[PDB]
Amino acid sequence: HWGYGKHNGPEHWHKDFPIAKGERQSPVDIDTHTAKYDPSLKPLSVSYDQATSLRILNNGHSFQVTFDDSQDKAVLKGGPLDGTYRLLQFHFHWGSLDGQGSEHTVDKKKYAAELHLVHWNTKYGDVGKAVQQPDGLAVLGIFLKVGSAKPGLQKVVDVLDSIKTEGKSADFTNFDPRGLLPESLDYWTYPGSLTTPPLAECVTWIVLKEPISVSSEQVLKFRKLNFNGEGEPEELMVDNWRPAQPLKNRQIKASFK
Ligand SMILES: NS(=O)(=O)c1ccc(NC(=O)Nc2cccc([N+](=O)[O-])c2)cc1
Ligand SMILES: [Zn+2]
């Protein structure tokens, strides 16, 4: 199956998922001088006070923290969005080196990592229905640069030893995702897709202008994870990012001036 190596990586995905070459693929480069300020964009409403985390999981492509989405507990609304989107999971994409690790780029600049907080539109009832809809998902993207540690990330870093290999999961209750957010909620937005197979074109992307800083020790522990499962030849989980895709007939809008 698909992965991020030479023989199964992003250049191969279109053979199993021809939408890889579609009209609204993600990620993209954010050209800040070409994105237009849109005064009609409302502020984002990130309501994570009641968030209920469940498990942390190595899925062989990233690690993921899942949340209870059976009620409106942690929701995203406002911004470019209509209606209510429930937080389902977050995961990261990161590099083998600090100069690469993000999927979106900003004026071609690559960040060391990128956080994706994945939400689905409650009008569609369940995630599986939502991924079949052009407005089914909203993913909040947050860039990571290497500098000072991010305290709200350390509980995640602390547990990665226990999910080293594909298929491992662990209890990860009572985690507060508000500690992963930067100060400003200024954002860029555009219509796009999942950045992993099936690459469904179901995502309103909301990418925050302000990166969070993480320490070298924190991102180092990302790079200790493995793509393989236990008892297999070790391949470090690094460079699990899809490169920027053609913007095609799309406008990136900015919530700020
Ligand atoms: N890398 S990304 O563009 O932010 C992305 C987000 C979501 C998916 N797909 C899913 O999350 N599917 C899914 C469907 C049901 C339940 C869960 N989950 O337990 O996290 C996940 C793929 C790529
Ligand atoms: Zn992602």
Side-chain angles (χ1 to χ4, degrees), residues 1-4 9-10 13 16-17 19-20 22 24-28 30 51-70 73-74 76 81 85-95 100-105 110-122 124-144 156 163 166-173 175 177 180 187-208 222 225 227 237-245:
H1 290 291
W2 66 271
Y4 299 85
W13 291 352
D16 278 336
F17 302 95
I19 198 64
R24 60 171 278 185
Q25 289 287 301
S26 295
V28 297
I30 296 166
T52 302
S53 62
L54 297 174
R55 305 286 293 170
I56 185 166
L57 170 65
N58 182 338
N59 60 30
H61 309 291
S62 179
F63 67 90
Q64 194 186 73
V65 174
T66 58
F67 293 71
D68 181 7
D69 63 351
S70 64
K73 289 179 176 178
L76 179 65
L81 301 172
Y85 292 63
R86 289 179 187 168
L87 175 63
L88 171 62
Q89 58 134 305
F90 65 84
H91 59 276
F92 307 68
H93 301 279
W94 61 92
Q100 65 194 54
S102 65
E103 288 187 334
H104 295 85
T105 59
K110 293 183 171 80
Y111 286 88
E114 180 171 346
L115 168 60
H116 291 161
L117 293 151
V118 179
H119 308 81
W120 57 272
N121 191 336
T122 59
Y124 295 125
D126 73 38
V127 63
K129 290 291 188 64
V131 298
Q132 300 178 64
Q133 309 305 323
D135 57 352
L137 269 61
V139 180
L140 180 64
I142 299 172
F143 298 113
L144 277 63
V156 174
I163 60 166
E166 177 182 3
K168 300 292 187 65
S169 64
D171 182 73
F172 194 76
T173 56
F175 178 79
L180 301 176
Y187 62 86
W188 296 280
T189 184
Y190 79 98
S193 66
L194 304 175
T195 67
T196 55
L199 300 171
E201 288 175 343
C202 59
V203 178
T204 299
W205 279 95
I206 299 169
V207 176
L208 298 182
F222 293 184
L225 296 170
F227 295 119
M237 185 179 284
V238 295
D239 287 328
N240 58 348
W241 51 275
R242 190 189 192 182
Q245 299 299 310

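If you read the sequence from its start, that first residue is 1, and numbering goes on from there. What you see below is based on every heavy atom in this structure, not just the backbone, and it leaves out hydrogens, waters and symmetry mates. We count ligands from 1, going down the list as the structure has it; atoms in each ligand are counted the same way.
Within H116, ND1 is the N, O or S atom that lies nearest to the Zn ion (ligand 2).
Only the side chain of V127 comes within 4.0 Å of ligand 1, counting heavy atoms alone; its backbone N, CA, C and O stay farther away. Counting heavy atoms under 4.0 Å from ligand 1, residue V139 touches it through the side chain alone.
Distance alone, capped at 3.5 Å, places no donor-acceptor pair between the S193 side chain and the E201 backbone.
A centroid separation of 6.0 Å or more is found between the aromatic rings of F63 and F172. In this structure, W205 has its ring center under 6.0 Å from that of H104.
Atom 2 (S) of ligand 1 is flagged as protein-proximal [any protein heavy atom, distance under 4.0 Å].
Checking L194, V131, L117, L88 against atom 5 (C) of ligand 1, the nearest heavy atom belongs to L194.
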I would like to know whether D69 and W120 meet side chain to side chain donor-acceptor pair (under 3.5 Å); could you show each step before the answer?
-> CA-CA 9 Å; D69 63 351; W120 57 272; 2.7 Å; yes
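At least one heavy atom of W205 lies less than 4.0 angstrom from ligand 1. The shortest heavy-atom distance from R242 to ligand 1 is not under 4.0 Å.
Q89 NE2, 3.1 Å is the protein heavy atom nearest to atom 11 (O) of ligand 1. In terms of protein heavy-atom proximity, atom 23 (C) of ligand 1 is nearest to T196 OG1, 3.3 Å.
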